[PDB]
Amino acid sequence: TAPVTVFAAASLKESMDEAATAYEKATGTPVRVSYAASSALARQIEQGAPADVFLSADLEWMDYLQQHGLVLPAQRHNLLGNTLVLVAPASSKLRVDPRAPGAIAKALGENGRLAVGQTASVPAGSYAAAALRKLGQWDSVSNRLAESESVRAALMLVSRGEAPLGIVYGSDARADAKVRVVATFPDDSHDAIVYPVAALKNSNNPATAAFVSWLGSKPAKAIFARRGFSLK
């Protein structure tokens, strides 16, 4: 059986891995998941990578595929939500109020950088930049970013203590005890973090829609819920 090829936002690593396994247990159909920034995956799909299912960490990259005729609106829907958090290495004693003018910048110390997803394209980066701008803190850190290929690459910098602070999703923090949540960004400091899922129009896999539909079922939802995602 040809596996269902799922391209999933980096932040979906453990949950979609668990989901892939559970789906195959239930149906006998293997699921092969590729993770990267949602931007990277969407671009790869647009350029003809043979994916069956796409899950983005934001609306924009799903819109991107839709506008290119690769996703039909009927075959897309919102699945998950998240929060945006400021994290530090687990052993860090930093206390930071993201609303306080210059507090994020000061917490970077003399030469530290703020680990973020690449802000122009990586959903976690663009949510972070939106939050930082909304809170008036962007200029104080915009030359002090450690822009990373995905939210999980950002998380890894913080886990290693190579960035004293980073901006990741709540679920990322839950996924890595080597970081700690210093603060949660106000929900209204950025667009709602929403993960749309879609069957790709060009998919020939007989299980593509089945897999997407299955993500709505209790045990599939429970994976994401256990892992700290909200359910749409």
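Heads up: residue numbers just count along the shown sequence, starting at 1.
Hey, which bit's got the bigger mean C-alpha B factor in the entry, 168 to 176 or 45 to 53?
-> Comparing 168 to 176 with 45 to 53, the higher mean C-alpha B-factor belongs to 45 to 53.
Take the C-alpha B-factors listed in the entry for 25 to 33 and for 202 to 210, compute each mean, and give the stretch with the larger one.
-> The stretch with the larger average C-alpha B-factor is 202 to 210.
Sort 123, 161, 101, 81 by C-alpha B-factor from the entry and give me just the highest.
-> Top of the list by C-alpha B-factor: 161.
Between 153, 114, 94, 85, which carries the biggest CA temperature factor in the record?
-> Highest CA B-factor of the listed options: 94.
Split the chain's modelled residues into thirds by Cα B-factor; is residue 74 in the lowest, middle or highest one?
-> Residue 74: CA B-factor falls in the highest third of its chain.
Classify residue 6 as lowest, middle or highest third according to the C-alpha B-factor given in the PDB entry, relative to its own chain.
-> Middle third - that is where residue 6 ends up once the chain's C-alpha B-factors are sorted.
If you rank every modelled residue in this chain by C-alpha B factor, which third holds residue 110: lowest, middle or highest?
-> Ranked within chain, residue 110 CA B lands in the highest tercile.
Third of the chain's Cα B-factor distribution that residue 184 belongs to, per the entry | CA B-factor rank for residue 184: middle third.
Going by what the PDB entry lists, where does residue 128 fall on CA B-factor within its chain: lowest, middle or highest third?
-> Lowest third.
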